[PDB]
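# A structural walkthrough
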Amino acid sequence: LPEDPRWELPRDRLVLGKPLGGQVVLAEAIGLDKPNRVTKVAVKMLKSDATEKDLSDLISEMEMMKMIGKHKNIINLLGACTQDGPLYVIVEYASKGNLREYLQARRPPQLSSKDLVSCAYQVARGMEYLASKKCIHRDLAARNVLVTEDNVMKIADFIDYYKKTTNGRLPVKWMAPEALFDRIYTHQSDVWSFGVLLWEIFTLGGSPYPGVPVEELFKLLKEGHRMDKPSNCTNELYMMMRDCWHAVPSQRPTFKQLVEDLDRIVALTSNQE
Ligand SMILES: Cc1ccc(C(=O)Nc2ccc(CN3CCN(C)CC3)c(C(F)(F)F)c2)cc1C#Cc1cnc2cccnn12
């Protein structure tokens, strides 16, 4: 592994902490920039039984993050430890966890309608930036959105159709029909995923199609079935979800259009309830 001086951080500057979920740990970086300050960071490293391909996957992930560049609404690369020891990929720390967890914790036994629209605007803004960088996410969902201490949404990324997430959810439930059935991945298939993410925001971390297995989901998709309008969701925001879920990919709005519409909606959405 060659030392990249734009990103390299000496090992003696990284104080490894508690695991966050290869494997991700919380850590403290001494002098990432003054040199006398600690910055809380998240570090990705390989698990004890990692393969040669697991290592090559972490390298390529790091190399891609280097090319994407900085944005307020994406989890940004901060550094790396590549010399004389295991590969550490260092990113910004998001203290309020993933957006699914963030939302569920703030359900009534708090977030206004304007905060929820702002959440959707921020994710759309991060997606617009990734698209401008010629990137396709493939796994956009609230679990892949991180929330910082200051409530900033940051897009992140942590195949068998039957494999479930830790929470017991099926990732096929976020996939556009053409991505699922024809293996065609585009910004248009990501916009379909963003529609499922809007539904997740407005149900405050609700699970899409609960109890629906893969074979039954395929049937719902073939029939042109669409998820119901969440409670406390405007007609305009439900039409946005439905447009994101257009059967014809060219007819779906783009992230650029979604940012413009969400920007306008945020400004007209009240923070009084
Ligand atoms: C350590 C770490 C390493 C890497 C990444 C990461 O997100 N990598 C990433 C890889 C690829 C892509 C884009 N591609 C998608 C695939 N696609 C096919 C090509 C384009 C992106 C993206 F943001 F751009 F989307 C990100 C996140 C973390 C974290 C963390 C962290 C911070 N706070 C907390 C709090 C709790 C838990 N974790 N945590």
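This entry, as listed in the PDB, derives from X-ray crystallography and reports a resolution of 2.33 Å.

## What about the packing of aromatic side chains?
Applying the stated criterion to the full structure yields three aromatic pairs. Between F181 and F218, the aromatic rings sit 5.2 Å apart at their centres with planes inclined by 75 degrees, giving edge-to-face as the arrangement. Of this pair, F181 sits in helix α4 (residues 177-182) while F218 sits in helix α6 (residues 214-222), placing them 37 residues apart in sequence. Every member of this aromatic cluster is reached through a ring pair, and the members are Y161, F181 and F218. Sitting above the plane of the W174 ring, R143 keeps its charged end 4.3 Å from the centroid. Stacked on the ring of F181, the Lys or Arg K222 has its end atom at 3.8 Å from the ring centre.

## Focus on the site of the ligand
Lining the immediate environment of the ligand, one finds 23 residues, of which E61, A94, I136, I155 and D157 sit closest. One nitrogen or oxygen atom from the side chain of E61 is found 2.8 Å from a nitrogen atom belonging to the ligand. Residue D157 places a main-chain N or O atom 2.9 Å away from an oxygen atom belonging to the ligand. Across the complex, the protein chains shield 89% of the 800 Å² of accessible surface that the ligand would expose by itself. Counting residues per element, the ones that place at least two in the shell around the ligand are β3 (38-45), α1 (52-68) and β5 (88-92). A breakdown of the residues in the shell around the ligand according to their chemical character gives 17 nonpolar, one polar and five charged. When residues of the shell around the ligand are assigned to domains, at least three map to each of domain 1 (1-93) and domain 2 (94-267).

## A word on the pairing of strand β4 (residues 77-81)
β4 sits mainly inside the fold: four of its five residues count as buried. When β4 meets β5, the two strands line up antiparallel, connected through four bridges. In the strand pairing of β5, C81 is matched with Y88. Between β4 and β5, which pair antiparallel and follow one another directly, the connecting turn spans six residues, one of which, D84, has a positive phi of 50 degrees.

## What about the nonpolar core?
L99 and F194 are the most contacted members of the largest nonpolar core, which totals 62 residues. Top contributing element to this core by residue count: helix α3 (residues 113-132), with 10 residues. Ranked by size, the runner-up nonpolar core spans 15 residues in total, among them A42, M62, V89 and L146.

Parameters at a glance
- Residues numbered from 1 in each chain as written, not as in the entry; some residues may be left out.
- Heavy atoms only, no water.
- Residues with missing side-chain atoms left out of burial classes, pairs and counts.
- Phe/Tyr/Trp six-rings, centres within 6.5 Å; stacked < 30°, edge-to-face > 60°.
- Helix = DSSP H or I, 4+ residues; strand = E, 2+ residues; numbered from the N terminus.
- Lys NZ or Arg CZ within 6 Å of the ring centre and 35° of its normal.
- Near = heavy atom within 4 Å.
- Polar contact = N/O pair within 3.5 Å; in protein donor to acceptor, adjacent residues only side chain to side chain.
- Areas by Shrake-Rupley, 256 points an atom, 1.4 Å probe, with all protein chains shown as cover.
- Nonpolar A, V, L, I, M, F, W, Y, C, P; charged D, E, K, R; others polar.
- Domains from an automatic or database assignment.
- Buried < 20%, exposed > 50% of the residue type's maximum accessible area, 1.4 Å probe, protein only.
- Pairing = 2+ DSSP bridges.
- Core = buried A, V, L, I, M, F, W, Y, C linked by side-chain atoms within 4.5 Å.

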